[PDB]
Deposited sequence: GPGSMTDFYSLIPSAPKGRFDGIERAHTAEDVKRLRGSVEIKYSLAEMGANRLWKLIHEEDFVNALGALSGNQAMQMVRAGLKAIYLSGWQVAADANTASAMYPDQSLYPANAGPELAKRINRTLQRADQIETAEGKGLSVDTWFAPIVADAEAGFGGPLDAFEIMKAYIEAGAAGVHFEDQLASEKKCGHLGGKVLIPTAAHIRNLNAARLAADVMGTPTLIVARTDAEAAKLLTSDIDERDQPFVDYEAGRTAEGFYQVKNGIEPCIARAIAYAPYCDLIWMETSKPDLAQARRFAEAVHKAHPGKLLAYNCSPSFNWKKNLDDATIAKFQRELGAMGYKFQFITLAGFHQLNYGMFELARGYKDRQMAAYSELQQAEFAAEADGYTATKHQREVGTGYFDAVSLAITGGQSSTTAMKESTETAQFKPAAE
């Protein structure tokens, strides 16, 4: 009956998915006209295929259309769009921000739109050349950061709709207040999740919803109104000057919240500062007890000192291991940011020292990378000169 309102949804896309609202609600609220969202449709269905067919899907956080394109060119199957990086350097306020939802709510979707436009141009370049594609598809699904929705359920409703028009495949939402960390009631985050599903239903796309819990670390809670949160409340503490409740953090409230969110999302993600295969299994097992086979997601922290804290062999198997535990979507949130910043610092350092010699090093690196499939050395082609040549050529009589 919902499969009817969402034409492109594959069979059993909504297995085990509960909704607060009805099919009649969707029809009341969708408008009288059918508008299509092709990339959102394709991306979401490709993401659904991938997470069920692959060992696991790993992604990196892209700061620009160009970064995303290179990711896809290199053979990655999905793209991650990070809020931290949006705040850092890809931003509608045009400012550098800390990760606190400081930028305007339209900034994520705007990046997703940019990414898709670069992928579209890459697709057009190769299609015009007529030798076939050099990747499986240029439209690798985008999974994107919606933060806490930027307000209440309607803000989450709006931010979901915007990601859909931009052409994102999946979108994640977290149970912190945004402003260390402060949690909102379980009930409250289920409200946001439901808004996001309603938005998707209303757009007629089977967009993926990721639920994120920030309960591992958060020692604060807005309100004890929800009976499910009360076991973690240190009532004897008691409230803070801001009126927040003091809370018991760790894996146990993460498990309880994940279990509560499971019917309302397509993947579950426990935010973790400290990568640990044993904790990962712990969490996975607990969740699978109450919801067997539930798709899980995992952030591989960019600030964790990988080599210091784990042996090389464990680093090498980390993602393979996570996948076999049921973490089907894995990503490094700040990969683009680190890569961009490091690369240019080293380019700019050597250019101060030895000028044109520094750049020659870069160029020779690029040339060597061609055998591996790097093409951006042919920079005019990369950007679509030969594509617009052909356009000019077709226009002429």
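Check: Going from the first residue of the deposited sequence to the last, where are the unmodelled runs?
Finding: Unmodelled stretches: 1 to 6, 186 to 193, 412 to 433.
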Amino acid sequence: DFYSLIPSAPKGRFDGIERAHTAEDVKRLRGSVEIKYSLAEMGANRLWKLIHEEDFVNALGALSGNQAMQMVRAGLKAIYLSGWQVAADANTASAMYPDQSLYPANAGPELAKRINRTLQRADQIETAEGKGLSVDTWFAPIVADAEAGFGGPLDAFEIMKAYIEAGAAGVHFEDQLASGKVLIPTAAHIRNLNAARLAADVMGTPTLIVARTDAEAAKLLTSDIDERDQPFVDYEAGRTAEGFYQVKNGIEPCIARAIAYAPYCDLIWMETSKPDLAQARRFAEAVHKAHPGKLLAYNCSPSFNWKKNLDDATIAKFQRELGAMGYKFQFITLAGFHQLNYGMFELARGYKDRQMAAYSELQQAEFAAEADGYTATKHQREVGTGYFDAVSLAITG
From here on, numbers count along this sequence of modelled residues.
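Item checked: 128 to 136 set against 160 to 168, stretch whose average Cα temperature factor tops the other in the entry -> 128 to 136 has the higher mean C-alpha B-factor.
Check: With respect to the recorded C-alpha B factors, which stretch has the higher mean value, 236 to 244 or 210 to 218?
Finding: Of 210 to 218 and 236 to 244, the stretch with the higher C-alpha B-factor average is 236 to 244.
Next item on the list: Kindly indicate the residue among 116, 179, 186, 192 with the greatest C-alpha B-factor in the PDB record.
Entry: Result of the comparison over 116, 179, 186, 192: 179.
Next item on the list: Choose from 197, 121, 307, 73 the residue with the greatest Cα B-factor as stated in the PDB record.
Entry: Comparing C-alpha B-factors across 197, 121, 307, 73, the maximum falls on 307.
Notebook entry, point to check: Once the chain's modelled residues are ordered by C-alpha B factor and cut into thirds, is residue 342 in the lowest, middle or highest one?
Noted result: According to the entry, residue 342 has a C-alpha B-factor in the chain's middle third.
Check: Thinking about Cα B factors across the chain, which third does residue 36 belong to?
Finding: According to the entry, residue 36 has a C-alpha B-factor in the chain's middle third.
Next item on the list: Name the third of the chain's ranked CA B-factors that contains residue 153, choosing lowest, middle or highest.
Entry: Answer is middle: the recorded C-alpha B-factor places it there.
Item checked: B-factor third for the C-alpha atom of residue 147 within its chain -> According to the entry, residue 147 has a C-alpha B-factor in the chain's middle third.
Margin query: What third of the chain does residue 97 rank in for C-alpha temperature factor, lowest, middle or highest?
Written below: Highest third, going by the recorded CA B-factors of the chain.
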